[PDB]
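Reading through the structure tokens given below for one structure.
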Amino acid sequence: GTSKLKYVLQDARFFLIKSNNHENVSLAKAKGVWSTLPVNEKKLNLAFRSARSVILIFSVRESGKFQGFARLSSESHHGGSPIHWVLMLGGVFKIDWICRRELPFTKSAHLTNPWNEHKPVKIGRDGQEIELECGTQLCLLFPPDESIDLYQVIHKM
């Protein structure tokens with residue numbers, strides 16, 4: 001079903017995350033963490049305090065797909081075990097995956113982002129905010145991820 005997913009996405013904010021390689025998204029999916037450049041880190045920390053859910057939607061450059069989406073569960077923090085990213089970085093955000101399934105860009109061609117000049121939602125710099133309606137519809141396009149139980153996500157809201 002899609003009802004708990006819709007509940008998590010209610011009044012959420014959405015951000016496009018662009019990774020230069022699959023290895024970093026694999027690490028993020030395995031460890032439940034993300035790190036970004038300080039300009040985006042400041043934006044995400046502000047968003048985390050502002051909305052019931054902040055959703056990161058991941059795309060590996062040149063892949064032609066999104067690789068899933070996750071919800072911030074913390075503001076960024078420093079002083080953890082160093083993550084072996086394949087690259088100046090900021091803190092580490094904890095994230096809870098909502099969908100680890102991929103979505104090809106061909107399926108999102110009807111969705112444009114008003115915060116990026118109404119360009120197709122696949123287009124955007126790392127950290128580009130996606131307006132609520134576009135972001136909700138994009139997340140709902142992904143194949144359901146039956147490995148994830150959103151009961152655990154919901155109580156953190």
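Residue numbers start at 1 in each chain; chains themselves are named A, B, ... in the order of the structure tokens; ligands are numbered from 1 in the order shown.
Proximity to residue 130 (chain A) at 7 Å, evaluated using only C-alpha atoms and with sequence-adjacent residues fewer than 3 positions away removed, yields residues 14, 15, 16, 113, 115, 134 and 135 of chain A.
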Please, could you write that set of residues out with N, CA, C and O atoms as a compact mmCIF listing (two decimals), in the first residue's frame?
```txt
# COMPACT_ATOMS: atom_id res chain seq x y z
N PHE A 14 11.60 18.47 -0.09
CA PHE A 14 12.31 17.53 -0.95
C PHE A 14 13.54 18.20 -1.52
O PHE A 14 13.48 19.35 -1.96
N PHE A 15 14.65 17.45 -1.57
CA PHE A 15 15.90 17.95 -2.15
C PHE A 15 16.51 16.91 -3.08
O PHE A 15 16.58 15.72 -2.74
N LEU A 16 16.95 17.37 -4.24
CA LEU A 16 17.66 16.53 -5.19
C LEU A 16 19.10 16.40 -4.73
O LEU A 16 19.76 17.39 -4.45
N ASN A 113 10.01 20.99 -12.05
CA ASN A 113 10.25 21.57 -10.73
C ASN A 113 10.14 23.08 -10.82
O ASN A 113 11.00 23.73 -11.44
N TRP A 115 10.86 25.28 -8.74
CA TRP A 115 12.00 25.96 -8.13
C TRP A 115 13.26 25.89 -8.98
O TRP A 115 14.27 26.50 -8.62
N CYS A 134 5.57 18.51 -6.99
CA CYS A 134 6.48 17.76 -7.84
C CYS A 134 7.20 16.68 -7.05
O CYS A 134 7.33 15.54 -7.50
N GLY A 135 7.68 17.02 -5.85
CA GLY A 135 8.43 16.04 -5.06
C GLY A 135 7.57 14.89 -4.60
O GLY A 135 8.01 13.73 -4.61
```
As a compact mmCIF listing (two decimals) with C-alpha atoms, in the first residue's frame, please: the residues near residue 20 (chain A) (cut-off 9 Å, only C-alpha atoms, same-chain neighbours under 5 positions excluded).
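Listing of selection_29.txt after writing:
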```txt
# COMPACT_ATOMS: atom_id res chain seq x y z
CA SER A 59 20.59 10.38 -8.52
CA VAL A 60 23.98 9.11 -9.67
CA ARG A 61 25.32 11.32 -12.45
CA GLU A 62 25.26 9.70 -15.91
CA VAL A 86 34.80 8.24 -3.05
CA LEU A 87 35.55 11.91 -3.69
```
### Query
What is the CA of residue 19 (chain A) to CA of residue 108 (chain A) distance in Å?
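Taking CA of residue 19 (chain A) as the start and CA of residue 108 (chain A) as the end point, the length is 18.5 Å.
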### Task
Excluding residue 33 (chain A) and any residue of its chain fewer than 2 positions from it, enumerate the residues within 8 Å of it, using only C-alpha atoms, and give them as a PyMOL selection string.
chain A and resi 27-29+31+35+92-95
Residues just named, written with N, CA and C atoms as a tab-separated table (two decimals), in the first residue's frame:
```
chain	number	residue	atom	x	y	z
A	27	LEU	N	27.15	3.18	-0.10
A	27	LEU	CA	27.51	3.42	1.29
A	27	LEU	C	26.35	4.02	2.07
A	28	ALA	N	25.67	5.00	1.47
A	28	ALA	CA	24.55	5.66	2.14
A	28	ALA	C	23.42	4.68	2.44
A	29	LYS	N	23.15	3.77	1.49
A	29	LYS	CA	22.11	2.76	1.69
A	29	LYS	C	22.50	1.75	2.76
A	31	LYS	N	24.75	2.29	5.36
A	31	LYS	CA	25.07	2.90	6.64
A	31	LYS	C	24.04	3.91	7.12
A	35	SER	N	26.59	12.88	3.49
A	35	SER	CA	27.36	14.09	3.74
A	35	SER	C	27.39	14.89	2.45
A	92	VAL	N	27.88	14.82	9.05
A	92	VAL	CA	27.17	13.64	8.59
A	92	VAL	C	25.73	13.75	9.04
A	93	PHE	N	24.80	13.51	8.11
A	93	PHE	CA	23.38	13.44	8.41
A	93	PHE	C	23.00	11.97	8.54
A	94	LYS	N	22.24	11.64	9.57
A	94	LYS	CA	21.61	10.33	9.61
A	94	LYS	C	20.34	10.37	8.77
A	95	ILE	N	20.09	9.29	8.03
A	95	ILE	CA	18.93	9.18	7.15
A	95	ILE	C	18.29	7.81	7.32
```
### Task
Select, from A:53, A:67, A:3, A:24, the residue with the minimum atom-to-atom distance to residue 156 (chain A), counting only C-alpha atoms.
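With only C-alpha atoms as the atom set, the closest residue is A:53.
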